[PDB]
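Engineer: The structure that follows is given in the form of structure tokens.
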Protein chains: 10
Amino acid sequence: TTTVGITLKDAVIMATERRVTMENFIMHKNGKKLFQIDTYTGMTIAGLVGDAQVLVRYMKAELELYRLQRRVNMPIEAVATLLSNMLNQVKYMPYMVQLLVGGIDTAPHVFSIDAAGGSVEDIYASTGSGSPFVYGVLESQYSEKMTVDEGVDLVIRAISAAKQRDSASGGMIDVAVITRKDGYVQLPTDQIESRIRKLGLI
Amino acid sequence: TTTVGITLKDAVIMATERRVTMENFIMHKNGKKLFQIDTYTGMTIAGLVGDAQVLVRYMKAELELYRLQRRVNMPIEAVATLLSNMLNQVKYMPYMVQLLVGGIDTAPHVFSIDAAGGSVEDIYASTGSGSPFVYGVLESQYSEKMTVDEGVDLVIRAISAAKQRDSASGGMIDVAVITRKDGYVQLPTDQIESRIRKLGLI
Amino acid sequence: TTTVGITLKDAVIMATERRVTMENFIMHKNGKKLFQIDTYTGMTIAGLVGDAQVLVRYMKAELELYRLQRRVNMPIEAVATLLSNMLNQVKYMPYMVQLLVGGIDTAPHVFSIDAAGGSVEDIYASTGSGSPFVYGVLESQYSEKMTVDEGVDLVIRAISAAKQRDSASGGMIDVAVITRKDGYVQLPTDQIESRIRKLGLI
Amino acid sequence: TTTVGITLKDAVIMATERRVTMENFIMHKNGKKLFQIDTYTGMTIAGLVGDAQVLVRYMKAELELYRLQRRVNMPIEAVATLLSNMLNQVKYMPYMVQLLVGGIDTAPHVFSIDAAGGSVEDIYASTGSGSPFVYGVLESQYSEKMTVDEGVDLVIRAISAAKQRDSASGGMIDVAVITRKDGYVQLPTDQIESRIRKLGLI
Amino acid sequence: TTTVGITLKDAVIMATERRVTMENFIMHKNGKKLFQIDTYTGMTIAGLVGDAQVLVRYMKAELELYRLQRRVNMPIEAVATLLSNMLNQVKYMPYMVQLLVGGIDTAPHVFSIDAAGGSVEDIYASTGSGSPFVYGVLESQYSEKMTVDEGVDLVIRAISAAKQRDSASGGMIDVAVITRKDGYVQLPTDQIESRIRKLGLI
Amino acid sequence: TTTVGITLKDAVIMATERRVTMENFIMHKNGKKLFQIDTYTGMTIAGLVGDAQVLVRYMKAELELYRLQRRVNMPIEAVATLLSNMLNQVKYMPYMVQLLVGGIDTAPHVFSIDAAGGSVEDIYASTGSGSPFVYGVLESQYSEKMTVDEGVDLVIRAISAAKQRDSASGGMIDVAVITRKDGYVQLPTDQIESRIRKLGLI
Amino acid sequence: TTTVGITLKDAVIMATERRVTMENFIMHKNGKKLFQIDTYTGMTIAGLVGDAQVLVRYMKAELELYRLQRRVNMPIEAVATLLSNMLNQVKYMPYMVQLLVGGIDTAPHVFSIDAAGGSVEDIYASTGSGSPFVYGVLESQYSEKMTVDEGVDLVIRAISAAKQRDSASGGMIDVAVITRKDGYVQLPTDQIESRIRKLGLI
Amino acid sequence: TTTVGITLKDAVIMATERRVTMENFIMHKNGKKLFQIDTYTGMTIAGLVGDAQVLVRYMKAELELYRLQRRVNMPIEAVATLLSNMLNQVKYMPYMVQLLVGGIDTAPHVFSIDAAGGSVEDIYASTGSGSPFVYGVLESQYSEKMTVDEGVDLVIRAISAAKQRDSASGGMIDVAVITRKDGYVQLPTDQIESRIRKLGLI
Amino acid sequence: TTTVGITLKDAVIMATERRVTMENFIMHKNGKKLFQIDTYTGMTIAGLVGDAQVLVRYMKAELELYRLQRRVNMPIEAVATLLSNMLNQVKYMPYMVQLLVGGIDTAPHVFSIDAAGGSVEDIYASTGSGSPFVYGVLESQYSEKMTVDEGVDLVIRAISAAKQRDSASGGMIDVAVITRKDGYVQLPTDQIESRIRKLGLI
Amino acid sequence: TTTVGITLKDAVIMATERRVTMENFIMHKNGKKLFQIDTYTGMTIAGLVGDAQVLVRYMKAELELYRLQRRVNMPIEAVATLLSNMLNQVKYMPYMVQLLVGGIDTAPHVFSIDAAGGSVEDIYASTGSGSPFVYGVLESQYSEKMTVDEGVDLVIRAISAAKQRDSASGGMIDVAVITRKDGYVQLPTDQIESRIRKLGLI
């Protein structure tokens with residue numbers, strides 16, 4: 001499993017792979033690990049599939065209910081704070097998950113939350129078994145001045161490196177771009193396939 | 001135990017074997033592992049017999065009650081979502097089962113659900129101790145363009161390979177075909193017996 | 001790790017993949033797991049790399065020394081018997097390996113030997129984490145009447161199925177063909193690459 | 001694994017099946033578990049394959065050497081006594097085997113020897129996971145007055161019952177008949193195949 | 001402990017032995033393990049005596065109460081389903097029992113239920129430590145075309161074989177015959193004693 | 001297992017049963033547990049069969065060698081002392097046996113020796129799982145003034161009581177009588193069978 | 001601890017010893033282990049003193065209350081059934097006791113109940129560490145045709161044998177005789193002392 | 001700890017950092033982890049300091065002795081083979097090290113050897129806790145066509161990324177370049193310091 | 001993690017670093033560990049991030065609510081007492097944190113509170129893995145007569161020493177100064193960066 | 001325990017405290033932990049007293065013997081290398097010590113050696129429970145340009161800080177100065193006592 005989320009000047013880019021291991025061995029090649037949970041909020045999931053899917057449904061209900069009562073979207077920091085409280089309340093019977101939350105309320109944010117509810121903001125973050133390989137790519141190539149197109153290429157390259165070195169990761173790459181002007185936009189598979197050919201990652 | 005479920009253009013094919021081991025050794029040769037739970041929905045069970053049979057009765061009651069109140073069949077994804085919630089709620093005192101759910105609401109679907117409630121859609125899936133042998137057959141022979149008759153032959157061949165290599169699997173093969181035009185149809189034993197002779201699997 | 005060995009009318013075909021996991025994660029993509037140990041004898045190795053490489057060097061020395069003194073090649077059954085004695089002598093401090101030995105003295109043979117020294121002859125055999133997927137392909141497609149060219153295609157297809165489903169296996173496929181008329185011949189990489197394109201395994 | 005040995009008026013009948021489980025699952029269907037170790041002596045092996053095969057080679061060497069020096073065959077009781085000493089000497093680092101020794105020096109004998117070296121004579125005995133099913137057949141049908149042909153049918157029926165109920169047993173049945181007038185005679189596979197059709201065990 | 005239940009054309013035959021071990025050693029020779037729980041329903045018990053006796057009293061109350069309210073006997077499958085629910089509800093603090101339920105609602109049925117609530121129908125079944133010896137006798141001698149008298153002889157022979165080989169079983173054999181025309185009839189001890197003399201089982 | 005040894009005015013009486021349990025369950029009904037080791041010395045064995053049989057062969061060799069060099073039989077106390085030294089020397093890797101040694105040098109003696117080499121003389125002693133039942137019979141019926149015929153009846157009755165209550169004991173009763181005037185005499189099976197009918201123990 | 005209960009034609013005889021071990025070593029020589037719980041019902045207790053004494057007080061209250069409401073004595077089988085329910089209800093936090101219940105409603109009965117609530121009727125039964133020695137005496141001397149006086153002598157002899165061989169048992173013997181004509185009668189100590197002198201048990 | 005070794009057209013580049021943790025916490029900032037062991041051979045060490053330093057002294061002695069007797073340098077593959085034998089010989093009391101060996105006999109080679117003696121050749125390899133971050137940089141930037149100067153920059157960038165993300169790594173970077181024309185050349189600290197300023201890694 | 005808090009004549013100085021380790025390795029470089037919880041009260045957190053962040057939110061709510069009802073700020077000792085009660089109430093399911101509380105009600109105070117609720121006042125205190133290095137600096141350089149500017153330099157030097165020796169600590173240094181005249185003032189990053197250059201800590 | 005060793009331009013300064021804990025509690029206040037082992041070599045010991053004292057005697061003998069044969073002092077690096085070999089040879093039955101070796105052959109050196117034999121050179125090093133407090137003082141105050149007098153003051157201040165914070169350390173401070181011009185000179189206690197008064201450490 002490899003998930004990545006980065007921040008740009010007015011954009012948030014999130015991308016994951018699709019390989020799912022269940023009862024050992026590769027039993028699913030096209031799993032879903034990137035979810036839209038609000039108008040300008042996305043979440044990626046790593047860890048146990050059962051716990052992660054339950055949390056995704058919980059956040060979708062809470063954020064939609066919050067929107068209807070407050071007539072405004074939940075701020076990204078409030079989204080991470082709410083998740084932090086839920087995970088810490090059952091820390092001794094915990095969800096075995098690692099989560100990334102990203103979006104734009106007035107500025108782009110990416111939050112990393114662990115199983116015990118520890119939440120911390122960062123310009124970029126990666127989770128899963130393939131994350132350390134991604135951090136190597138981001139440490140040497142990430143720049144806050146990149147354009148959206150350049151940022152999409154970077155996350156594709158970073159995940160491609162993880163797929164070469166992490167056996168638990170694989171499959172087709174899913175990419176979502178979040179901006180105020182376009183909202184939550186999931187990039188078509190044909191565009192990403194074109195990008196990998198142009199980038200040289202086969 | 002070997003269960004398999006595949007998707008076609010407008011059909012779902014599910015098939016299991018019948019060998020049951022209880023108190024070790026082969027004590028039942030003609031167990032039941034394939035159940036119809038709705039008009040266009042079937043489920044296969046692997047793992048502990050006691051937990052699996054309880055879940056089958058639960059799903060039959062819930063789906064029938066859902067049909068009476070909503071005047072429509074439960075969607076296949078909703079069936080898997082409901083099962084996911086029940087299994088995850090008791091994940092620390094869990095059902096020791098692996099489940100496959102398949103059917104047609106408007107398109108064919110097959111869902112794989114683990115003990116912790118992790119649910120993921122796939123074009124085909126297999127569970128049980130004999131599943132890895134089935135995956136080898138499906139990896140090299142499955143095609144989305146097969147007809148219903150060809151798909152029935154494939155699952156018979158895949159399970160026959162598992163019976164040759166997995167001592168926990170055995171017995172007569174049960175096959176069910178689900179289409180909108182015919183509903184849930186369980187293939188007669190005489191037809192499957194004829195197929196194995198024609199296929200060459202003795 | 002996935003190794004396979006099959007017997008034909010006057011030929012032995014052995015093939016393995018190249019992925020090596022060390023300190024977890026994929027640290028080598030082009031490992032060597034298929035060795036020629038005599039004029040008409042090959043061996044494949046699965047398990048711990050350190051123990052396997054030591055055994056390969058031992059067999060090369062013993063078989064060459066046996067050839068010089070007896071002026072004849074060691075029979076394939078004698079090769080498996082010698083390996084069986086060495087592994088069983090240290091069964092309580094054992095080599096953590098699974099081995100396949102194949103060759104032609106006057107007829108083609110393939111032998112499977114476990115860590116405790118259990119040796120048994122078979123028409124075909126497979127070892128490693130990806131072996132159960134290979135057995136599914138061989139159960140439904142192997143025939144003793146195939147030609148050498150058809151047999152090469154079968155092992156390529158069987159390993160390709162294992163690479164799709166076993167995360168521990170991967171990399172380029174190595175194939176060796178043993179006959180009395182040509183001796184031990186390792187197929188060139190360009191030929192196997194051509195075969196996969198013609199077979200359709202990408 | 002299922003082995004059986006019975007005594008008649010002037011004959012010894014021994015029979016085993018061929019299924020071998022290695023690294024779990026059925027990896028060999030035609031293993032060898034019945035060995036001739038002297039002119040009028042046979043042995044069957046159950047348990048770990050590696051330990052059993054080493055013991056078979058040891059007994060063949062010892063019995064042949066004993067024959068050359070003493071100019072007479074080793075008595076059957078002496079064969080069991082020699083095996084008892086070897087197993088008891090390493091009882092704390094033991095061979096994980098169960099053995100049956102049968103033959104005729106001047107009368108038919110069958111000996112059962114455990115891992116700790118306990119040897120006891122019996123009119124009939126069975127070893128392996130399928131042995132309790134065999135004992136049920138022998139308890140209700142064995143008679144010391146049967147002919148050789150009737151005795152061959154009984155062991156075929158007893159093993160066939162074990163194959164129906166023990167998943168660890170399977171494969172083709174091997175039968176050997178020992179008499180002074182014919183020596184050690186292994187029944188051809190075609191004859192046993194004919195017998196099962198005539199007996200009704202499919 | 002040895003219990004057996006078989007089905008015939010219009011009859012159900014159940015039989016157990018009487019040996020009870022408590023605080024080790026044979027402390028009771030004439031225990032009761034075969035109970036009538038309804039007009040055409042019987043149950044046999046294996047395992048812990050305390051748990052088994054509690055369940056027997058529970059089933060007698062439930063079936064009688066069900067009869068008074070519904071004015072009809074509980075169907076045999078419903079009897080097994082009710083038992084399955086009770087055992088599975090406390091599976092983590094379970095009854096250490098193995099149960100057989102047999103009877104005739106409109107056809108003869110025999111059900112086997114384990115401690116976790118797994119229920120499966122069979123033509124014949126056996127429980128207890130002596131059950132594998134019984135299965136050997138039934139595998140080679142049972143026929144669906146036997147008469148009631150022949151079926152009584154078979155279960156007597158099968159249990160007699162278990163008493164010869166299982167030290168935990170022993171004592172006098174209890175036999176019950178269930179038909180619609182006669183109801184639940186327990187065979188007199190004098191008749192069974194006569195049968196064993198005629199059968200030759202001493 | 002039940003062995004008993006008693007002393008009379010000029011006689012020693014030893015008796016055992018024959019049931020042997022190996023790999024659990026009753027696999028041998030006619031085992032041998034009473035051995036003559038010298039002209040006027042016998043030994044009974046309880047515990048592990050392998051260790052016991054090795055010790056019997058050791059004592060036969062040592063006592064015969066002692067007789068040839070000293071021209072006299074080894075005294076019974078010396079026999080127990082020699083056994084005590086051997087067992088105590090390996091007390092931390094011990095023989096899992098309980099032994100009874102009886103005979104007449106100039107007076108009748110019975111010695112009981114444990115696994116650690118503890119040897120103590122007694123007028124009567126019993127070993128095995130059925131021994132406590134034997135002690136109850138001997139406590140209430142043994143008399144030092146009985147004749148040889150009365151003493152034979154007592155040990156038959158005591159073992160018969162153990163067979164009724166100890167599932168590990170069973171089979172035909174073997175009896176040996178040792179006197180100076182007759183030496184070591186093993187009572188024929190026909191005589192003991194007659195005695196049980198006359199005694200009333202069926 | 002040694003308790004015994006036997007049945008005769010119209011009588012029930014129960015007897016125990018008095019030795020109590022607490023904090024190891026013999027700290028009480030004249031403990032009480034035989035209780036009258038109804039007009040024609042007695043109970044003996046073995047195991048932990050604290051649990052046993054609580055149960056005795058419970059049964060006295062329940063049986064007296066049952067008598068006042070139903071105007072009849074509780075049947076002996078009902079007494080054992082009530083005890084069985086109480087012990088099985090707390091089987092996972094159980095009373096560490098073994099109980100014997102005897103009396104006459106219309107016929108003499110003796111019931112043995114274990115810690116888990118298993119209840120079984122027998123003609124005679126014994127509990128405690130000294131019970132196996134008692135069973136040896138009863139196996140060889142008990143007769144259903146004995147008179148009350150002969151039955152009293154038998155239980156005195158059986159317990160005396162247990163006192164000679166079981167260090168946990170000792171002290172003066174308490175005997176109670178239950179008949180319809182005399183009710184529950186506890187034999188005076190002077191009479192039992194006279195009996196032991198006449199019997200010869202010192 | 002972070003070590004890296006890469007191969008070029010006619011060069012080998014090896015580089016490590018200097019942080020050493022002992023008794024936890026950073027107790028040495030300028031440790032030595034890159035050693036020259038022959039004229040054209042270098043080795044890097046990761047793991048326990050004590051075991052690694054002993055192995056370095058062993059290799060220096062063996063390679064120098066080999067050079068004096070054979071009048072030629074040990075081939076790089078022979079260097080790895082010798083190390084493999086030593087580590088595998090004590091695999092159950094092993095050196096807790098991970099090693100990289102690089103050099104030029106006639107072509108550039110880099111070998112990775114684990115604690116159990118597993119040796120495998122690669123174009124580039126990395127060891128230590130910081131290695132996964134290095135692999136990410138190498139996966140996306142390494143090219144076999146780079147010059148020596150470009151290759152030096154790459155390893156500096158890769159280690160700098162590891163120092164940012166691995167707390168166990170740190171300190172000044174040591175770089176060695178091996179060519180036939182210049183031999184083993186360790187780059188001066190002033191040059192590497194200049195490179196980091198020019199590269200932008202602060 | 002390294003946090004420090006010191007007291008001066010009319011001031012409290014608190015400072016922490018920013019390195020956060022999650023799922024091992026440095027995944028965040030700019031974490032937040034210094035919080036303002038009241039007008040003149042600050043708190044630093046060490047240990048598990050999830051537990052610490054929950055406690056910070058709890059204290060902010062409690063102190064604000066206390067201020068609104070009492071119209072006065074909570075005294076610093078009362079702040080530590082309230083925290084002590086909460087932590088001790090769940091001491092067996094505790095928060096895995098170490099806390100420092102500092103501020104001015106009428107005099108400067110610094111309180112150290114452990115996981116079990118132990119609270120003790122001190123002139124200066126340090127927590128985290130880097131704390132022992134800080135104590136060495138404070139033991140040799142702290143003076144109660146320093147000015148605010150000198151005190152700011154001391155905590156910067158102390159944390160800088162910890163960053164050199166503790167791998168778990170790192171990142172930019174955050175400093176807060178609390179006085180009655182200025183309230184809670186967090187020093188700008190530019191000022192601290194200037195201080196480190198002037199101090200010589202690079 | 002607190003030991004420290006530093007290097008200067010032409011001098012080595014080593015200093016330890018004297019507190020020894022044995023059977024817990026402070027049982028010796030004036031232990032010896034600083035030893036002269038050669039003309040210009042000293043060693044400090046931390047850990048188990050018994051192992052440390054044995055090593056000191058070993059080094060004194062080896063260095064003196066080396067001096068007599070080679071007519072030159074052992075180089076400081078050779079001293080550490082010899083110690084490294086001895087400790088690593090028994091690493092699985094090791095000396096539980098931490099050692100510092102310092103001296104001047106032609107330049108000043110200080111070596112730190114762990115229990116497993118890991119040796120590494122440093123400009124300064126500290127061992128024992130009080131070492132982390134010493135490192136804090138050295139991190140903020142050490143300079144390579146200090147004079148001998150200034151260096152003596154620094155180690156006195158560093159150890160004094162450790163005595164304030166480490167309960168395992170205490171007692172009078174021992175200081176040794178090593179130069180080529182004066183050899184190994186142990187500073188008198190009166191001088192160090194004067195220094196502490198002048199330094200202000202009471």
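The chains in the structure tokens are called A, B, ... from first to last as shown; in each chain the residues are counted from 1, and the ligands are counted from 1 in the order shown.
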Starting from chain B, keep only residues with some atom at most 10 Å from an atom of chain E, counting only C-alpha atoms, and report them as number ranges by chain.
Structural biologist: B: 20, 22-23, 25, 27-32, 48-54, 93
Engineer: From a backbone DSSP assignment, name each residue in segment 60-175 of chain A labelled strand (DSSP E or B), as number ranges by chain.
Structural biologist: A: 97-104, 108-113, 119-122, 124-127, 174-175
Engineer: Please, what distance in Å, to one decimal, runs between atom CA of residue 193 of chain E and atom CA of residue 2 of chain E?
Structural biologist: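 The value is 18.1 Å.
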Engineer: Neighbouring residues of residue 36 of chain A were defined as those with any atom within 12 Å, considering only C-alpha atoms; residues of the same chain fewer than 2 positions away were excluded. Please report them as a PyMOL selection string.
Structural biologist: chain A and resi 14+32-34+38-45+56-57+59-60+63-64+100-103+175-178+183-186
Engineer: Please produce a file of those selected residues containing N, CA, C and O atoms, as a short mmCIF file (atom, residue, chain, number, x, y, z; two decimals), in the first residue's frame.
Structural biologist:
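Full text of selection-v3.cif as output:
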data_model
loop_
_atom_site.label_atom_id
_atom_site.label_comp_id
_atom_site.auth_asym_id
_atom_site.auth_seq_id
_atom_site.Cartn_x
_atom_site.Cartn_y
_atom_site.Cartn_z
N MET A 14 -3.43 14.26 -4.29
CA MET A 14 -3.41 13.00 -3.57
C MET A 14 -3.42 11.84 -4.56
O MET A 14 -4.11 11.90 -5.58
N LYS A 32 -9.78 0.16 -3.98
CA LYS A 32 -10.02 1.59 -3.88
C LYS A 32 -9.49 2.09 -2.54
O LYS A 32 -9.91 1.60 -1.48
N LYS A 33 -8.58 3.07 -2.58
CA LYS A 33 -7.96 3.61 -1.39
C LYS A 33 -8.02 5.13 -1.32
O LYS A 33 -7.53 5.71 -0.34
N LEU A 34 -8.60 5.79 -2.32
CA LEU A 34 -8.71 7.25 -2.34
C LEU A 34 -10.18 7.61 -2.43
O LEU A 34 -10.87 7.21 -3.37
N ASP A 38 -15.82 15.21 1.01
CA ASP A 38 -16.50 16.50 1.04
C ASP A 38 -16.25 17.20 -0.29
O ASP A 38 -15.54 16.68 -1.15
N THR A 39 -16.85 18.38 -0.44
CA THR A 39 -16.72 19.14 -1.68
C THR A 39 -15.26 19.43 -2.01
O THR A 39 -14.85 19.35 -3.18
N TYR A 40 -14.46 19.78 -1.01
CA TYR A 40 -13.05 20.07 -1.19
C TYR A 40 -12.18 19.30 -0.21
O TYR A 40 -11.21 19.84 0.32
N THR A 41 -12.52 18.04 0.06
CA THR A 41 -11.77 17.22 1.02
C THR A 41 -11.68 15.79 0.50
O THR A 41 -12.68 15.22 0.05
N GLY A 42 -10.48 15.22 0.57
CA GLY A 42 -10.25 13.83 0.23
C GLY A 42 -9.51 13.12 1.35
O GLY A 42 -8.90 13.76 2.20
N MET A 43 -9.59 11.79 1.35
CA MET A 43 -8.91 10.98 2.36
C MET A 43 -8.34 9.73 1.71
O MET A 43 -8.98 9.13 0.84
N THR A 44 -7.14 9.34 2.13
CA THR A 44 -6.52 8.08 1.74
C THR A 44 -6.39 7.18 2.95
O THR A 44 -6.25 7.65 4.09
N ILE A 45 -6.45 5.87 2.71
CA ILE A 45 -6.50 4.88 3.78
C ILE A 45 -5.39 3.86 3.59
O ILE A 45 -5.14 3.39 2.47
N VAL A 56 -14.35 5.62 6.60
CA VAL A 56 -14.71 6.44 5.44
C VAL A 56 -16.21 6.73 5.44
O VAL A 56 -16.64 7.87 5.19
N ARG A 57 -17.02 5.71 5.71
CA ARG A 57 -18.46 5.92 5.78
C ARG A 57 -18.84 6.84 6.93
O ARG A 57 -19.77 7.65 6.81
N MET A 59 -16.98 9.34 8.17
CA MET A 59 -16.61 10.71 7.85
C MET A 59 -17.56 11.32 6.83
O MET A 59 -17.88 12.51 6.89
N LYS A 60 -18.01 10.52 5.85
CA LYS A 60 -18.95 11.02 4.86
C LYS A 60 -20.25 11.48 5.51
O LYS A 60 -20.80 12.52 5.16
N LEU A 63 -19.45 14.72 7.87
CA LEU A 63 -19.16 15.95 7.13
C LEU A 63 -20.40 16.47 6.42
O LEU A 63 -20.63 17.69 6.35
N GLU A 64 -21.22 15.57 5.87
CA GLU A 64 -22.46 16.00 5.21
C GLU A 64 -23.44 16.58 6.23
O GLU A 64 -24.08 17.61 5.96
N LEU A 100 -4.55 9.93 5.71
CA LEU A 100 -4.15 11.23 5.19
C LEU A 100 -5.40 12.00 4.79
O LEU A 100 -6.26 11.47 4.08
N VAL A 101 -5.50 13.24 5.25
CA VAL A 101 -6.63 14.11 4.94
C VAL A 101 -6.09 15.38 4.30
O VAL A 101 -5.19 16.02 4.84
N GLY A 102 -6.64 15.73 3.14
CA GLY A 102 -6.20 16.91 2.43
C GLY A 102 -7.37 17.65 1.81
O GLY A 102 -8.40 17.06 1.48
N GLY A 103 -7.20 18.96 1.67
CA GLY A 103 -8.24 19.77 1.07
C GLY A 103 -7.93 21.25 1.25
O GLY A 103 -6.89 21.63 1.78
N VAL A 175 -5.24 9.28 -9.11
CA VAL A 175 -4.81 10.63 -8.77
C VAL A 175 -6.02 11.54 -8.70
O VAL A 175 -6.89 11.51 -9.57
N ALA A 176 -6.07 12.37 -7.65
CA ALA A 176 -7.11 13.37 -7.48
C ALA A 176 -6.48 14.74 -7.24
O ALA A 176 -5.50 14.85 -6.50
N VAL A 177 -7.05 15.76 -7.86
CA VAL A 177 -6.59 17.14 -7.73
C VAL A 177 -7.72 17.98 -7.15
O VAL A 177 -8.85 17.93 -7.64
N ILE A 178 -7.40 18.74 -6.11
CA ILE A 178 -8.38 19.56 -5.40
C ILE A 178 -7.98 21.02 -5.52
O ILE A 178 -6.88 21.40 -5.11
N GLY A 183 -12.94 22.40 -7.66
CA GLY A 183 -13.43 21.42 -6.70
C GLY A 183 -12.57 20.17 -6.67
O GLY A 183 -11.38 20.19 -6.99
N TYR A 184 -13.19 19.06 -6.28
CA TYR A 184 -12.51 17.76 -6.22
C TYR A 184 -12.63 17.10 -7.59
O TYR A 184 -13.72 16.73 -8.02
N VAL A 185 -11.49 16.96 -8.27
CA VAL A 185 -11.44 16.40 -9.62
C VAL A 185 -10.55 15.16 -9.58
O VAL A 185 -9.37 15.25 -9.23
N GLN A 186 -11.12 14.02 -9.95
CA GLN A 186 -10.33 12.80 -10.09
C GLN A 186 -9.83 12.68 -11.53
O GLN A 186 -10.63 12.68 -12.47
#
Engineer: Can you tell me, as an NGL selection string, what residues are no more than 8 Å from segment 194-199 of chain H when counting only C-alpha atoms, ignoring any on the same chain fewer than 6 positions away?
Structural biologist: :H and (153 or 156-157)
Engineer: DSSP on the backbone, alpha helix (DSSP H) only: what residues of segment 27-162 of chain I does that give? Format it as a PyMOL selection string.
Structural biologist: chain I and resi 49-70+76-89+131-141+148-162
